[PDB]
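Side chains included, hydrogens not; waters and symmetry mates left out as well; all remaining heavy atoms used. Sequence lines set the chain letters: A, B, ... in the order given, protein chains first and strands last, and positions in each chain run from 1.
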Amino acid sequence: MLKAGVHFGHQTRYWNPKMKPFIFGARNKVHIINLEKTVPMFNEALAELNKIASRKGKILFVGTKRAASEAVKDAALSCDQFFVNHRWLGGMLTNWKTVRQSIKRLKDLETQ
RNA sequence: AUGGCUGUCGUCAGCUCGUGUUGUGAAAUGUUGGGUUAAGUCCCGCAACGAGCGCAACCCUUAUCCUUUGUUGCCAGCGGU
Ligand SMILES: [Mg+2]
Ligand SMILES: [Mg+2]
Ligand SMILES: [Mg+2]
Ligand SMILES: [Mg+2]
Ligand SMILES: [Mg+2]
Ligand SMILES: [Mg+2]
Ligand SMILES: [Mg+2]
Ligand SMILES: [Mg+2]
């Protein structure tokens, strides 16, 4: 059921064809998602995230679009996980060996 | 055939590498873009993240002042010559 609040979908422009099964679609030439399809998927995702946390893992929230910036740092501060709040540095994971020095370099400033 | 040394483009601001990513590949990106600088100088942005040789600084000299020392250098204030 509609556990959600009020979003009823968005993104009138440039709709991706391969998302047709998730589209309900109607008003004011703006697509609206099929929340009936969403709820089982969101619950399934929520259940899985838990399993991971239960084996002790990090989730690394990612959301860099202004609006959500503060929303992310807070949600990630709580739950003691980690987050990326601003521009995602290309290669932040593929070459972790190089960004590691930047972290170590950063740690130096805080201590000094 | 060479070492060493030297001129020259040019004291011009450029030249590259590690990892990552893109391309079948030669390669590309970074190093491009908006401003700015004498400067690849700096800031912002950005599949790039960092680094090196260059630029700048550290060197010599010149322009002001202070402390120390005062002869073979100096003579403001004192004595007569
Ligand atoms: Mg390849
Ligand atoms: Mg170049
Ligand atoms: Mg290039
Ligand atoms: Mg530029
Ligand atoms: Mg430079
Ligand atoms: Mg750049
Ligand atoms: Mg120099
Ligand atoms: Mg006299």
Can you check the distance between [N] and [M], where both ends of the measurement are the [atom1] atom (answer in whole Å)?
N	M	atom1	result
B:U6	B:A26	P	40 Å
B:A57	B:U16	P	26 Å
B:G30	B:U22	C1'	13 Å
B:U41	B:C15	P	12 Å
B:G35	B:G23	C1'	33 Å

Item to check | Test side chain to side chain contact (heavy atoms under 4.5 Å, CB included) applied to A:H7 and A:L35, step by step | outcome: CA-CA 10 Å; A:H7 59 255; A:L35 306 187; 3.3 Å; yes
[X] vs [Y] side-chain heavy atoms within contact, under 4.5 Å:
X	Y	value
A:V62	A:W88	yes
A:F24	A:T38	no
A:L2	A:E36	yes
A:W96	A:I103	yes

Item to check | Residue-level proximity of residues 100-112 of chain A to RNA chain B when a heavy atom falls under 4.0 Å | outcome: A:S102
Item to check | Stretch residues 91-98 of chain A: residues that reach within less than 4.0 Å of RNA chain B through a heavy atom | outcome: A:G91, A:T94, A:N95, A:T98
Item to check | Transitive ILVMFWY side-chain link A:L89 to A:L60, under 4.5 Å | outcome: yes
Checklist entry - Which heavy atom of A:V72 sits nearest a heavy atom of A:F83, and at what distance? => result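 Scanning both residues, the minimum pair turns out to be CG1-CB, 3.8 Å.
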Item to check | Where at least one partner belongs to residues 90-110 of chain A, residue pairs that pass salt bridge (charged side-chain N to carboxylate O under 4.0 Å, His left out), sequence neighbours excluded | outcome: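 Of all non-adjacent pairs touching residues 90-110 of chain A, those that pass salt bridge (charged side-chain N to carboxylate O under 4.0 Å, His left out) are A:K104-A:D108.
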Next on the checklist: Determine whether neighbouring nucleotides B:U71 and B:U72 are base-stacked, defined as six-membered ring centroids separated by less than 5.5 Å with an interplanar angle below 30°.
Outcome noted: no
Checklist entry - Which base sits across from B:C53 as a Watson-Crick or G-U pair, both distances under 3.5 Å? => result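 Result: B:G14.
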